2 protein chains.
Amino acid sequence: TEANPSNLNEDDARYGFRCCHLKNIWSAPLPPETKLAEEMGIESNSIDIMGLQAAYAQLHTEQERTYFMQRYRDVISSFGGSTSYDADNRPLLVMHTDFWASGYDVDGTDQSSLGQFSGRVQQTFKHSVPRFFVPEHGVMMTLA
Amino acid sequence: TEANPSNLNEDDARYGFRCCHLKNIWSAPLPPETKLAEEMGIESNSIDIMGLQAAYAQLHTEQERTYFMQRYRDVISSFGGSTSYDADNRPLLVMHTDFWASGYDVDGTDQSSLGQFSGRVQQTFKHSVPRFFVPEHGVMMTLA
């Protein structure tokens with residue numbers, strides 16, 4: 001929530017924010033506040049089995065939310081409904097491309113560099129956005 | 001359970017008993033003694049999860065009963081069996097008809113009644129019982 005580009009720090013402002021590593025077991029853990037146990041109160045000597053039933057149901061709603069419905073839009077999708085991008089002010093994703101960056105090695109050829117190599121990665125790529133209709137004034141930003 | 005027509009009160013005896021309003025949220029509530037919680041005892045520090053399981057099962061039988069199997073005949077139907085009308089001494093329903101009672105308005109036509117109306121409801125109707133076999137002596141009663 002920085003208010004001005006001037007509230008950003010050296011690195012961020014010049015290179016952009018940092019993003020998440022590709023997903024793996026250690027970089028895609030369940031949200032840190034994930035419940036590991038759900039307590040349910042009980043009268044000194046008895047337990048309301050009907051309440052216990054509700055308790056679970058309630059928990060279920062809580063979990064679903066924590067695990068994958070943390071964003072309003074996703075909760076509404078949960079019900080089988082939908083939301084315009086104006087509903088939560090989300091930028092509209094118009095096109096997403098992804099590709100691997102490969103290249104070649106350069107062979108060292110002098111007395112000491114003979115048998116050495118330097119990797120030069122150089123990948124060509126196309127990123128094409130199909131004719132899009134702009135309903136209101138604004139910006140079309142493309143990032144990498 | 002009145003024993004003699006003479007044990008009936010003025011209104012009842014002359015006009016018949018009162019019946020339930022058409023079903024709606026406030027006139028078709030779950031039977032007043034419907035369970036809102038089912039307690040299950042538990043040893044001071046532990047709970048028998050196997051018992052809890054049975055507890056629910058038992059409850060289920062209790063609920064089903066309260067909600068819709070309060071009559072013997074309905075419990076037996078529950079098992080996929082059947083009962084003669086002699087089993088619980090139920091009168092045999094031979095024919096049930098239902099219809100709406102509409103009519104017309106009568107227009108007022110004198111100096112003060114001009115522009116006034118009186119509703120006269122008058123509905124024609126047929127109630128036909130298909131040839132029925134009477135197995136034993138008795139009565140064929142038709143009520144409205």
# chains A, B, ... in the order shown; residues from 1 in each chain; ligands from 1

$ select_by_dssp --residues "chain A" --states "strand (DSSP E)" --output "compact mmCIF listing (two decimals) with N, CA, C and O atoms, in the first residue's frame"
# COMPACT_ATOMS: atom_id res chain seq x y z
N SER A 46 -21.39 -33.44 29.26
CA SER A 46 -22.01 -33.86 28.01
C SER A 46 -21.56 -33.03 26.82
O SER A 46 -20.97 -31.97 26.97
N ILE A 47 -21.86 -33.53 25.62
CA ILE A 47 -21.52 -32.83 24.39
C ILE A 47 -22.73 -32.82 23.46
O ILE A 47 -23.35 -33.86 23.25
N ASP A 48 -23.07 -31.65 22.93
CA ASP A 48 -24.22 -31.58 22.03
C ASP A 48 -23.84 -32.10 20.64
O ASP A 48 -23.27 -31.35 19.85
N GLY A 103 19.53 -20.63 -24.85
CA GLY A 103 20.54 -19.97 -25.65
C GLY A 103 21.64 -20.92 -26.09
O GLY A 103 21.38 -22.08 -26.42
N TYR A 104 22.89 -20.45 -26.10
CA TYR A 104 24.01 -21.29 -26.49
C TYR A 104 25.26 -21.00 -25.67
O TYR A 104 25.30 -20.06 -24.88
N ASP A 105 26.28 -21.84 -25.86
CA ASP A 105 27.53 -21.66 -25.14
C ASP A 105 28.58 -21.11 -26.09
O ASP A 105 28.55 -21.40 -27.28
N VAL A 106 29.50 -20.32 -25.57
CA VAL A 106 30.56 -19.77 -26.39
C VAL A 106 31.85 -20.47 -25.98
O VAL A 106 32.20 -20.47 -24.80
N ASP A 107 32.54 -21.08 -26.94
CA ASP A 107 33.76 -21.81 -26.63
C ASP A 107 35.00 -20.93 -26.46
O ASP A 107 35.27 -20.06 -27.30
N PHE A 117 33.77 -22.48 -21.15
CA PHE A 117 32.55 -22.07 -21.82
C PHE A 117 31.79 -20.99 -21.07
O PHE A 117 31.87 -20.90 -19.85
N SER A 118 31.08 -20.16 -21.82
CA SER A 118 30.28 -19.09 -21.23
C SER A 118 28.89 -19.17 -21.83
O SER A 118 28.72 -19.16 -23.04
N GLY A 119 27.89 -19.24 -20.96
CA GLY A 119 26.53 -19.33 -21.43
C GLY A 119 25.91 -18.01 -21.84
O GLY A 119 25.84 -17.06 -21.04
N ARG A 120 25.49 -17.92 -23.09
CA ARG A 120 24.82 -16.73 -23.57
C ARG A 120 23.38 -17.11 -23.83
O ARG A 120 23.11 -17.81 -24.80
N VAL A 121 22.47 -16.68 -22.97
CA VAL A 121 21.06 -17.01 -23.17
C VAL A 121 20.44 -15.93 -24.03
O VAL A 121 20.57 -14.75 -23.74

$ calpha_fit_and_write --fixed "chain A" --moving "chain B" --output "short mmCIF file (atom, residue, chain, number, x, y, z; two decimals) with C-alpha atoms, in the first residue's frame"
data_model
loop_
_atom_site.label_atom_id
_atom_site.label_comp_id
_atom_site.auth_asym_id
_atom_site.auth_seq_id
_atom_site.Cartn_x
_atom_site.Cartn_y
_atom_site.Cartn_z
CA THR B 1 0.00 0.00 0.00
CA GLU B 2 2.69 2.59 -0.72
CA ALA B 3 1.08 5.96 -1.44
CA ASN B 4 3.72 7.51 -3.71
CA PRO B 5 6.56 6.15 -5.87
CA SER B 6 8.68 8.11 -3.38
CA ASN B 7 7.55 5.84 -0.55
CA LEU B 8 9.13 2.95 -2.40
CA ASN B 9 12.63 1.75 -1.56
CA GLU B 10 15.69 1.91 -3.85
CA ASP B 11 15.41 -1.65 -5.22
CA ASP B 12 11.61 -1.76 -5.58
CA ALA B 13 11.29 1.61 -7.34
CA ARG B 14 13.98 0.78 -9.90
CA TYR B 15 13.39 -2.89 -10.56
CA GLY B 16 9.81 -3.58 -9.56
CA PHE B 17 8.35 -5.52 -6.66
CA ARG B 18 9.43 -9.03 -5.81
CA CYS B 19 7.19 -11.96 -6.66
CA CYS B 20 6.78 -15.48 -5.39
CA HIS B 21 9.16 -18.26 -6.34
CA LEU B 22 7.70 -20.91 -8.61
CA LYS B 23 5.41 -23.13 -6.58
CA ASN B 24 6.92 -26.06 -4.69
CA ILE B 25 6.43 -27.68 -1.30
CA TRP B 26 8.42 -25.00 0.54
CA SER B 27 7.21 -21.94 -1.37
CA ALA B 28 3.52 -22.76 -1.56
CA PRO B 29 2.64 -23.74 2.00
CA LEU B 30 -0.92 -23.43 3.22
CA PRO B 31 -1.44 -19.86 4.43
CA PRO B 32 0.50 -19.46 7.70
CA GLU B 33 -2.68 -19.01 9.74
CA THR B 34 -4.14 -22.34 8.66
CA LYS B 35 -6.09 -24.03 11.43
CA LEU B 36 -4.41 -27.09 12.93
CA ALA B 37 -7.23 -27.84 15.34
CA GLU B 38 -10.74 -26.50 15.91
CA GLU B 39 -11.95 -26.40 19.49
CA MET B 40 -15.57 -26.80 20.51
CA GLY B 41 -16.82 -26.03 23.99
CA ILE B 42 -18.74 -28.66 25.91
CA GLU B 43 -20.80 -28.71 29.10
CA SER B 44 -18.89 -30.24 32.01
CA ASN B 45 -20.22 -33.78 31.38
CA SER B 46 -22.01 -33.86 28.01
CA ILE B 47 -21.52 -32.83 24.39
CA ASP B 48 -24.22 -31.58 22.03
CA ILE B 49 -23.81 -33.91 19.04
CA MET B 50 -26.04 -31.62 17.02
CA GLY B 51 -23.80 -28.71 17.84
CA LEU B 52 -20.76 -30.76 16.96
CA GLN B 53 -22.37 -31.26 13.55
CA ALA B 54 -22.84 -27.54 13.06
CA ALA B 55 -19.33 -26.95 14.39
CA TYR B 56 -17.91 -28.95 11.53
CA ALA B 57 -20.05 -27.19 8.96
CA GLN B 58 -18.96 -23.83 10.26
CA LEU B 59 -15.33 -25.00 10.18
CA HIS B 60 -15.77 -26.10 6.59
CA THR B 61 -16.79 -22.60 5.57
CA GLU B 62 -13.77 -21.23 7.46
CA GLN B 63 -11.35 -23.65 5.77
CA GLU B 64 -12.61 -23.25 2.22
CA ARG B 65 -12.11 -19.53 2.78
CA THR B 66 -8.58 -19.79 4.17
CA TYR B 67 -7.43 -22.32 1.60
CA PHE B 68 -8.77 -20.72 -1.55
CA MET B 69 -11.47 -18.09 -1.05
CA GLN B 70 -9.60 -15.27 0.54
CA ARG B 71 -10.55 -12.82 -2.21
CA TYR B 72 -14.17 -11.57 -2.38
CA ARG B 73 -14.44 -12.45 -6.02
CA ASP B 74 -13.47 -16.03 -5.35
CA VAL B 75 -16.09 -16.40 -2.63
CA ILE B 76 -18.78 -15.25 -4.99
CA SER B 77 -17.52 -17.67 -7.63
CA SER B 78 -17.89 -20.27 -4.89
CA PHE B 79 -21.66 -19.73 -5.00
CA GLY B 80 -21.70 -20.14 -8.75
CA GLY B 81 -22.11 -16.42 -9.29
CA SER B 82 -19.73 -13.88 -10.81
CA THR B 83 -18.36 -10.38 -10.37
CA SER B 84 -17.36 -7.66 -12.81
CA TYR B 85 -13.79 -6.43 -12.56
CA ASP B 86 -15.27 -3.22 -11.22
CA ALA B 87 -16.64 -5.01 -8.16
CA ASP B 88 -13.31 -5.27 -6.34
CA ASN B 89 -11.37 -2.93 -8.61
CA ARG B 90 -9.18 -5.60 -10.08
CA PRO B 91 -7.05 -4.80 -13.12
CA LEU B 92 -8.29 -6.79 -16.07
CA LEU B 93 -5.88 -9.40 -17.36
CA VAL B 94 -5.98 -9.20 -21.11
CA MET B 95 -3.20 -11.60 -22.13
CA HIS B 96 -0.73 -13.90 -20.39
CA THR B 97 2.27 -15.47 -22.09
CA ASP B 98 5.00 -17.73 -20.74
CA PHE B 99 8.11 -19.32 -22.25
CA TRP B 100 11.54 -20.75 -21.44
CA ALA B 101 14.68 -18.73 -22.11
CA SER B 102 17.35 -20.85 -23.78
CA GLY B 103 20.55 -19.96 -25.65
CA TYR B 104 24.01 -21.28 -26.49
CA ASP B 105 27.53 -21.66 -25.15
CA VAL B 106 30.56 -19.77 -26.39
CA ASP B 107 33.76 -21.81 -26.63
CA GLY B 108 36.96 -20.40 -25.14
CA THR B 109 39.85 -20.68 -27.57
CA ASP B 110 43.09 -19.19 -26.18
CA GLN B 111 45.90 -20.94 -24.23
CA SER B 112 44.15 -20.69 -20.88
CA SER B 113 40.51 -20.35 -21.95
CA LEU B 114 40.67 -23.39 -24.20
CA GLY B 115 38.14 -25.82 -22.82
CA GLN B 116 36.09 -23.19 -21.06
CA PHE B 117 32.55 -22.07 -21.83
CA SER B 118 30.28 -19.09 -21.24
CA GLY B 119 26.53 -19.33 -21.43
CA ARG B 120 24.82 -16.73 -23.57
CA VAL B 121 21.06 -17.01 -23.17
CA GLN B 122 19.14 -15.41 -26.03
CA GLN B 123 15.47 -16.21 -26.58
CA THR B 124 13.06 -14.84 -29.22
CA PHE B 125 9.39 -14.49 -28.29
CA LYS B 126 5.98 -13.18 -29.38
CA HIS B 127 3.38 -11.69 -27.04
CA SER B 128 0.17 -10.89 -28.84
CA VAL B 129 -2.99 -9.33 -27.43
CA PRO B 130 -6.09 -9.95 -29.57
CA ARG B 131 -8.18 -6.86 -30.47
CA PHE B 132 -9.54 -5.62 -27.16
CA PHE B 133 -12.38 -3.17 -26.55
CA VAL B 134 -11.62 -0.33 -24.16
CA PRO B 135 -14.88 0.60 -22.40
CA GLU B 136 -13.45 3.53 -20.43
CA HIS B 137 -10.36 5.73 -20.39
CA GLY B 138 -7.33 4.10 -18.78
CA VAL B 139 -3.99 2.33 -19.31
CA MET B 140 -2.86 -0.84 -21.02
CA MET B 141 0.19 -2.01 -19.07
CA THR B 142 2.40 -4.86 -20.10
CA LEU B 143 4.90 -6.31 -17.67
CA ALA B 144 7.50 -9.06 -17.59
#

$ select_by_dssp --residues "segment 3-118 of chain B" --states "helix (DSSP H, G or I)" --output "number ranges by chain"
B: 5-7, 10-15, 49-68, 72-78

$ write_last_selection --atoms "N, CA, C and O atoms" --output "CSV table (one decimal), in the first residue's frame"
chain,number,residue,atom,x,y,z
B,5,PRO,N,-71.5,-36.9,21.9
B,5,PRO,CA,-71.8,-35.6,21.2
B,5,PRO,C,-72.1,-34.6,22.3
B,5,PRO,O,-71.9,-33.4,22.1
B,6,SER,N,-72.6,-35.0,23.4
B,6,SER,CA,-72.9,-34.1,24.5
B,6,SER,C,-71.7,-33.6,25.3
B,6,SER,O,-71.9,-32.7,26.2
B,7,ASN,N,-70.6,-34.1,25.0
B,7,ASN,CA,-69.3,-33.7,25.7
B,7,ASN,C,-68.7,-32.6,24.8
B,7,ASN,O,-67.7,-32.0,25.2
B,10,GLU,N,-70.7,-26.1,22.4
B,10,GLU,CA,-71.6,-25.4,21.5
B,10,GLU,C,-71.1,-25.3,20.0
B,10,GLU,O,-71.6,-25.9,19.1
B,11,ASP,N,-70.0,-24.5,19.8
B,11,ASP,CA,-69.5,-24.4,18.4
B,11,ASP,C,-69.1,-25.7,17.8
B,11,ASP,O,-69.7,-26.0,16.7
B,12,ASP,N,-68.3,-26.5,18.4
B,12,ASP,CA,-67.9,-27.8,17.8
B,12,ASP,C,-69.1,-28.6,17.3
B,12,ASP,O,-69.3,-28.9,16.2
B,13,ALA,N,-70.0,-28.9,18.3
B,13,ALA,CA,-71.2,-29.7,18.0
B,13,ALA,C,-72.0,-29.3,16.8
B,13,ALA,O,-72.6,-30.1,16.1
B,14,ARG,N,-72.1,-28.0,16.7
B,14,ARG,CA,-73.0,-27.4,15.6
B,14,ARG,C,-72.3,-27.2,14.3
B,14,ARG,O,-72.9,-27.4,13.2
B,15,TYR,N,-71.0,-26.9,14.3
B,15,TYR,CA,-70.3,-26.6,13.1
B,15,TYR,C,-69.2,-27.5,12.7
B,15,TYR,O,-68.7,-27.4,11.6
B,49,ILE,N,-15.7,-42.4,20.8
B,49,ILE,CA,-16.1,-42.0,19.5
B,49,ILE,C,-17.0,-43.0,18.8
B,49,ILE,O,-17.7,-42.7,17.9
B,50,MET,N,-16.9,-44.3,19.3
B,50,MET,CA,-17.8,-45.3,18.8
B,50,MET,C,-19.2,-45.0,19.3
B,50,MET,O,-20.2,-45.2,18.6
B,51,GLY,N,-19.3,-44.6,20.5
B,51,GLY,CA,-20.6,-44.4,21.1
B,51,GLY,C,-21.2,-43.2,20.4
B,51,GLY,O,-22.3,-43.1,20.1
B,52,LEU,N,-20.3,-42.1,20.2
B,52,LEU,CA,-20.8,-40.9,19.6
B,52,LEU,C,-21.5,-41.3,18.2
B,52,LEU,O,-22.5,-40.8,17.9
B,53,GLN,N,-20.8,-42.3,17.5
B,53,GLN,CA,-21.4,-42.7,16.3
B,53,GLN,C,-22.8,-43.3,16.5
B,53,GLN,O,-23.7,-43.0,15.8
B,54,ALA,N,-22.9,-44.2,17.4
B,54,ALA,CA,-24.2,-44.8,17.7
B,54,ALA,C,-25.2,-43.7,18.1
B,54,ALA,O,-26.3,-43.6,17.6
B,55,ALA,N,-24.7,-42.8,19.0
B,55,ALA,CA,-25.5,-41.7,19.4
B,55,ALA,C,-26.2,-41.0,18.3
B,55,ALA,O,-27.4,-40.7,18.4
B,56,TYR,N,-25.5,-40.7,17.2
B,56,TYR,CA,-26.1,-40.1,16.1
B,56,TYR,C,-27.1,-40.9,15.5
B,56,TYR,O,-28.3,-40.5,15.2
B,57,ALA,N,-26.8,-42.2,15.2
B,57,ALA,CA,-27.7,-43.1,14.6
B,57,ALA,C,-29.0,-43.1,15.4
B,57,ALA,O,-30.1,-43.0,14.8
B,58,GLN,N,-28.9,-43.3,16.7
B,58,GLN,CA,-30.1,-43.3,17.6
B,58,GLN,C,-30.9,-42.0,17.3
B,58,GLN,O,-32.1,-42.1,17.1
B,59,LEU,N,-30.2,-40.9,17.4
B,59,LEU,CA,-30.8,-39.6,17.2
B,59,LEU,C,-31.6,-39.7,15.9
B,59,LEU,O,-32.8,-39.3,15.8
B,60,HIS,N,-31.0,-40.1,14.8
B,60,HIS,CA,-31.6,-40.2,13.5
B,60,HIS,C,-32.9,-40.9,13.6
B,60,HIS,O,-34.0,-40.4,13.1
B,61,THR,N,-33.0,-42.0,14.3
B,61,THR,CA,-34.3,-42.7,14.4
B,61,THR,C,-35.3,-41.8,15.1
B,61,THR,O,-36.4,-41.7,14.7
B,62,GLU,N,-34.8,-41.1,16.2
B,62,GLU,CA,-35.7,-40.2,16.9
B,62,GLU,C,-36.3,-39.1,16.0
B,62,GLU,O,-37.5,-38.8,16.1
B,63,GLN,N,-35.4,-38.5,15.3
B,63,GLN,CA,-35.8,-37.3,14.4
B,63,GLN,C,-36.8,-37.8,13.4
B,63,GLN,O,-37.9,-37.3,13.4
B,64,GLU,N,-36.4,-38.7,12.5
B,64,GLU,CA,-37.3,-39.2,11.5
B,64,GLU,C,-38.7,-39.4,12.1
B,64,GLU,O,-39.7,-39.0,11.4
B,65,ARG,N,-38.8,-40.0,13.2
B,65,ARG,CA,-40.0,-40.2,13.9
B,65,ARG,C,-40.7,-38.9,14.2
B,65,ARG,O,-41.9,-38.7,13.8
B,66,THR,N,-40.1,-38.0,14.9
B,66,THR,CA,-40.7,-36.7,15.2
B,66,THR,C,-41.1,-36.0,14.0
B,66,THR,O,-42.3,-35.5,14.0
B,67,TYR,N,-40.3,-35.8,13.0
B,67,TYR,CA,-40.6,-35.1,11.8
B,67,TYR,C,-41.7,-35.7,11.0
B,67,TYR,O,-42.5,-34.9,10.5
B,68,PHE,N,-41.7,-37.0,10.7
B,68,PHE,CA,-42.7,-37.5,9.9
B,68,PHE,C,-43.3,-38.9,10.2
B,68,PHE,O,-44.2,-39.3,9.5
B,72,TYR,N,-48.2,-44.9,13.7
B,72,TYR,CA,-47.6,-46.2,13.5
B,72,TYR,C,-47.5,-46.6,12.0
B,72,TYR,O,-46.5,-47.0,11.5
B,73,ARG,N,-48.6,-46.4,11.3
B,73,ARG,CA,-48.7,-46.7,9.9
B,73,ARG,C,-47.5,-46.1,9.1
B,73,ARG,O,-47.0,-46.8,8.2
B,74,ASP,N,-47.1,-44.9,9.4
B,74,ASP,CA,-46.1,-44.3,8.7
B,74,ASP,C,-44.7,-44.9,9.0
B,74,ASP,O,-43.8,-44.8,8.2
B,75,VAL,N,-44.6,-45.4,10.2
B,75,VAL,CA,-43.3,-46.0,10.6
B,75,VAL,C,-43.1,-47.3,9.8
B,75,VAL,O,-42.0,-47.6,9.3
B,76,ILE,N,-44.2,-48.0,9.7
B,76,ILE,CA,-44.1,-49.3,9.0
B,76,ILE,C,-43.9,-49.0,7.5
B,76,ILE,O,-43.2,-49.8,6.8
B,77,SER,N,-44.4,-47.9,7.0
B,77,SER,CA,-44.2,-47.6,5.6
B,77,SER,C,-42.7,-47.3,5.5
B,77,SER,O,-42.1,-47.7,4.4
B,78,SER,N,-42.1,-46.7,6.5
B,78,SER,CA,-40.7,-46.4,6.5
B,78,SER,C,-39.9,-47.6,6.2
B,78,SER,O,-38.9,-47.5,5.5

$ decode --residues "segment 15-104 of chain B" --atoms "C-alpha atoms" --output "PDB file, in the first residue's frame"
ATOM      1  CA  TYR B  15     -70.305 -26.558  13.090  1.00  0.00           C
ATOM      2  CA  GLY B  16     -67.713 -29.304  13.315  1.00  0.00           C
ATOM      3  CA  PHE B  17     -64.181 -29.320  14.673  1.00  0.00           C
ATOM      4  CA  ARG B  18     -61.605 -26.758  13.666  1.00  0.00           C
ATOM      5  CA  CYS B  19     -58.845 -27.693  11.262  1.00  0.00           C
ATOM      6  CA  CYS B  20     -55.393 -26.389  10.495  1.00  0.00           C
ATOM      7  CA  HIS B  21     -54.820 -23.274   8.435  1.00  0.00           C
ATOM      8  CA  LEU B  22     -53.320 -23.870   5.017  1.00  0.00           C
ATOM      9  CA  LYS B  23     -49.638 -24.663   5.425  1.00  0.00           C
ATOM     10  CA  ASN B  24     -47.171 -21.775   5.644  1.00  0.00           C
ATOM     11  CA  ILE B  25     -44.069 -20.975   7.659  1.00  0.00           C
ATOM     12  CA  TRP B  26     -46.046 -19.989  10.764  1.00  0.00           C
ATOM     13  CA  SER B  27     -48.753 -22.662  10.624  1.00  0.00           C
ATOM     14  CA  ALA B  28     -46.604 -25.657   9.750  1.00  0.00           C
ATOM     15  CA  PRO B  29     -43.729 -25.433  12.223  1.00  0.00           C
ATOM     16  CA  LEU B  30     -41.801 -28.541  13.144  1.00  0.00           C
ATOM     17  CA  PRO B  31     -43.648 -30.280  15.975  1.00  0.00           C
ATOM     18  CA  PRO B  32     -43.181 -28.155  19.124  1.00  0.00           C
ATOM     19  CA  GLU B  33     -41.124 -30.839  20.854  1.00  0.00           C
ATOM     20  CA  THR B  34     -38.509 -30.955  18.102  1.00  0.00           C
ATOM     21  CA  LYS B  35     -35.016 -31.528  19.445  1.00  0.00           C
ATOM     22  CA  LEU B  36     -32.725 -28.508  19.268  1.00  0.00           C
ATOM     23  CA  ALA B  37     -29.730 -30.319  20.721  1.00  0.00           C
ATOM     24  CA  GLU B  38     -28.915 -33.910  21.633  1.00  0.00           C
ATOM     25  CA  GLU B  39     -26.682 -34.431  24.642  1.00  0.00           C
ATOM     26  CA  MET B  40     -24.286 -37.335  25.029  1.00  0.00           C
ATOM     27  CA  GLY B  41     -22.604 -38.177  28.301  1.00  0.00           C
ATOM     28  CA  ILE B  42     -18.833 -38.485  28.431  1.00  0.00           C
ATOM     29  CA  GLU B  43     -16.313 -39.771  30.973  1.00  0.00           C
ATOM     30  CA  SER B  44     -14.569 -36.934  32.808  1.00  0.00           C
ATOM     31  CA  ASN B  45     -11.646 -36.765  30.341  1.00  0.00           C
ATOM     32  CA  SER B  46     -12.455 -38.909  27.286  1.00  0.00           C
ATOM     33  CA  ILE B  47     -15.232 -39.505  24.767  1.00  0.00           C
ATOM     34  CA  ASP B  48     -16.144 -42.841  23.191  1.00  0.00           C
ATOM     35  CA  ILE B  49     -16.060 -42.015  19.472  1.00  0.00           C
ATOM     36  CA  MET B  50     -17.790 -45.301  18.764  1.00  0.00           C
ATOM     37  CA  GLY B  51     -20.558 -44.356  21.133  1.00  0.00           C
ATOM     38  CA  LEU B  52     -20.789 -40.943  19.557  1.00  0.00           C
ATOM     39  CA  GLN B  53     -21.389 -42.747  16.268  1.00  0.00           C
ATOM     40  CA  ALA B  54     -24.212 -44.793  17.727  1.00  0.00           C
ATOM     41  CA  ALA B  55     -25.542 -41.674  19.439  1.00  0.00           C
ATOM     42  CA  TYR B  56     -26.076 -40.057  16.081  1.00  0.00           C
ATOM     43  CA  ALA B  57     -27.725 -43.137  14.632  1.00  0.00           C
ATOM     44  CA  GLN B  58     -30.083 -43.321  17.559  1.00  0.00           C
ATOM     45  CA  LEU B  59     -30.841 -39.610  17.160  1.00  0.00           C
ATOM     46  CA  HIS B  60     -31.602 -40.156  13.498  1.00  0.00           C
ATOM     47  CA  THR B  61     -34.279 -42.686  14.360  1.00  0.00           C
ATOM     48  CA  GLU B  62     -35.695 -40.232  16.906  1.00  0.00           C
ATOM     49  CA  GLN B  63     -35.781 -37.349  14.403  1.00  0.00           C
ATOM     50  CA  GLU B  64     -37.281 -39.249  11.482  1.00  0.00           C
ATOM     51  CA  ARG B  65     -40.014 -40.240  13.919  1.00  0.00           C
ATOM     52  CA  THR B  66     -40.684 -36.741  15.245  1.00  0.00           C
ATOM     53  CA  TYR B  67     -40.564 -35.098  11.840  1.00  0.00           C
ATOM     54  CA  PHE B  68     -42.733 -37.499   9.868  1.00  0.00           C
ATOM     55  CA  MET B  69     -43.267 -40.911  11.444  1.00  0.00           C
ATOM     56  CA  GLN B  70     -45.418 -40.135  14.406  1.00  0.00           C
ATOM     57  CA  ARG B  71     -48.193 -42.460  13.248  1.00  0.00           C
ATOM     58  CA  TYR B  72     -47.631 -46.243  13.470  1.00  0.00           C
ATOM     59  CA  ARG B  73     -48.651 -46.738   9.887  1.00  0.00           C
ATOM     60  CA  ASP B  74     -46.055 -44.274   8.690  1.00  0.00           C
ATOM     61  CA  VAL B  75     -43.283 -46.007  10.611  1.00  0.00           C
ATOM     62  CA  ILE B  76     -44.127 -49.288   8.993  1.00  0.00           C
ATOM     63  CA  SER B  77     -44.173 -47.610   5.584  1.00  0.00           C
ATOM     64  CA  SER B  78     -40.703 -46.406   6.549  1.00  0.00           C
ATOM     65  CA  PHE B  79     -39.504 -50.017   6.445  1.00  0.00           C
ATOM     66  CA  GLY B  80     -41.032 -50.521   3.028  1.00  0.00           C
ATOM     67  CA  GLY B  81     -43.907 -52.511   4.459  1.00  0.00           C
ATOM     68  CA  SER B  82     -47.610 -51.698   4.654  1.00  0.00           C
ATOM     69  CA  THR B  83     -50.620 -51.839   6.940  1.00  0.00           C
ATOM     70  CA  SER B  84     -54.306 -52.483   6.344  1.00  0.00           C
ATOM     71  CA  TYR B  85     -56.676 -49.758   7.465  1.00  0.00           C
ATOM     72  CA  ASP B  86     -57.772 -52.173  10.156  1.00  0.00           C
ATOM     73  CA  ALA B  87     -54.313 -52.145  11.736  1.00  0.00           C
ATOM     74  CA  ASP B  88     -54.687 -48.747  13.407  1.00  0.00           C
ATOM     75  CA  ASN B  89     -58.418 -48.370  12.825  1.00  0.00           C
ATOM     76  CA  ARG B  90     -58.103 -45.551  10.363  1.00  0.00           C
ATOM     77  CA  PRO B  91     -61.139 -44.492   8.350  1.00  0.00           C
ATOM     78  CA  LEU B  92     -60.562 -45.274   4.711  1.00  0.00           C
ATOM     79  CA  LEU B  93     -60.298 -42.261   2.447  1.00  0.00           C
ATOM     80  CA  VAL B  94     -62.256 -43.070  -0.656  1.00  0.00           C
ATOM     81  CA  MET B  95     -62.181 -39.757  -2.549  1.00  0.00           C
ATOM     82  CA  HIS B  96     -60.681 -36.305  -2.061  1.00  0.00           C
ATOM     83  CA  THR B  97     -61.665 -33.262  -4.094  1.00  0.00           C
ATOM     84  CA  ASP B  98     -60.501 -29.659  -3.897  1.00  0.00           C
ATOM     85  CA  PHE B  99     -61.416 -26.469  -5.767  1.00  0.00           C
ATOM     86  CA  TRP B 100     -61.461 -22.672  -5.552  1.00  0.00           C
ATOM     87  CA  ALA B 101     -64.682 -20.811  -4.844  1.00  0.00           C
ATOM     88  CA  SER B 102     -65.093 -17.828  -7.156  1.00  0.00           C
ATOM     89  CA  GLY B 103     -68.086 -15.654  -8.048  1.00  0.00           C
ATOM     90  CA  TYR B 104     -69.034 -12.150  -9.177  1.00  0.00           C
TER      91      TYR B 104
END
